[PDB]
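1. need a 3D model of the following:
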Amino acid sequence: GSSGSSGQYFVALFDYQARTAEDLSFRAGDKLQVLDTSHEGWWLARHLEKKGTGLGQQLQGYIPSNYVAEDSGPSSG
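-> Residues are numbered from 1 along each chain as shown. Please find the structure below.
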């Protein structure tokens with residue numbers, strides 16, 4: 001949506017390898033949607049890009065905001 005249904009999309013500026021399961025991994029240019037922002041640093045986002053290669057273990061998790069940014073996106077469809 002635009003007003004009602006939330007929608008915060010972020011882009012990964014650089015790569016990041018998650019050490020633990022809780023933490024989510026990604027690469028530079030990975031479309032990630034921020035779900036939870038109850039922490040000035042680690043946000044709960046999910047994988048948007050089509051299924052990866054192989055057997056995906058996790059799709060969402062705690063990811064560093066600094067690593068990503070606000071990538072312009074079409075709110076209305």
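2. what sits closest to residue 14 if chain neighbours are left out?
-> residue 28 (5.2 Å; C-beta to C-beta, 6 or more residues apart in numbering). From N, CA and C alone the C-beta is placed, and that goes for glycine too.
3. OK, contacts around the one you found?
-> When contacts are counted by C-beta atoms under 8 Å, 6 or more residues apart in numbering, residue 28 is found next to 12-15.
4. please pick the buried ones from these.
-> The neighbour-count criterion (16 or more other C-beta atoms under 10 Å) marks residue 12 among these as buried.
5. tell me the contacts of the residue nearest the centre of the chain?
-> Within the chain, the residue whose C-alpha comes closest to the C-alpha centroid is residue 32; the distance, by C-alpha atoms, centre = their mean, is 2.7 Å. Under the criterion of C-beta under 8 Å, 6+ apart, the contact partners of residue 32 comprise 9-12, 24, 26, 45-48, 63, 68.
6. related to what we said a few turns ago, how about the contacts of residue 28, which pair is most distant?
-> Taking C-beta to C-beta as the measure, the contacts of residue 28 span a maximum distance of 9.2 Å, between 13 and 15.
7. ok so, going back, which one of the contacts of residue 32 sits closest to residue 76?
-> Nearest to residue 76 among those, with distances taken as C-beta to C-beta, is residue 9, at 13.7 Å.
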